[PDB]
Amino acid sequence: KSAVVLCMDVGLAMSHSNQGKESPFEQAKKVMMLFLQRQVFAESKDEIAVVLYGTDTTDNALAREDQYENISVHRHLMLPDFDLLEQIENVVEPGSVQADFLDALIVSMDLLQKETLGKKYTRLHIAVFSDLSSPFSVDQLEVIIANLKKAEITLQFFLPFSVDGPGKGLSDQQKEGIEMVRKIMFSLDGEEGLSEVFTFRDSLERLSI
């Protein structure tokens, strides 16, 4: 079996709807639901956690004043079920704030480190869904990368636009986030990584590999 964290940006920017009929938030939720439905219907043994960042409340093991704020562990590492499906469809809502995606990655890594103790997995996987609209701190990113390598974690980023026609009006902050994603993925996978940025439209199939 494998262990997967879905690390989902639910910050305020994700609710801005100017691409089609579904906002980035609603598109990412739909992908998560289809993925989880596939897993439930197939009776897969993979364990799947859900970490949300950009939530109005804070609920994670690293949270303490001014640290890892606005990040919530919605589902711990366990088999998916219909309660999870019901919550994601009805409970999970857009947040009214923003959070640091590297903080959310650290929470996700800490969850995996603790909750995979004493168990055997073929792969550890973290999938991040975001529009990269909000700032982040790179403090100690070199430690994060070292541990992602040590634990052989596969990291996938999914964005609601292509980063390979007209330009898409990406903010400077989004462009900085994209470059950081590229630096992280290259650190992990080398030259191949520079292109390992995926879109929401391809995310369901890339997840289900």
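From 1 onward, residues are counted along the sequence shown.
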Do any residues of the deposited sequence lie unmodelled between residue 65 and residue 66, and which range holds their number: none, 1 to 3, 4 to 9, or 10 or more? none
Going by the mean C-alpha B-factor recorded in the entry, which is higher: 66-74 or 147-155? 147-155
Taking the mean of the C-alpha B-factors per stretch from the entry, tell me the winner out of 4-12 and 199-207. 199-207
Among 88, 132, 127, 102 - the residue whose C-alpha B-factor is largest in the record: 88
Highest recorded C-alpha temperature factor, please, choosing from 164, 59, 26, 179. 164
Test of reading the entry: by CA B factor among the chain's modelled residues, which third contains residue 111? lowest
Third of the chain's Cα B-factor distribution that residue 98 belongs to, per the entry: middle
For residue 174, does the deposited CA B-factor place it in the lowest, middle or highest third of the chain? lowest
Within this chain, which third does the Cα B-factor at residue 140 fall in: lowest, middle or highest? lowest
Sorting by Cα B-factor within the chain, modelled residues only, which third would residue 55 end up in: lowest, middle or highest? lowest
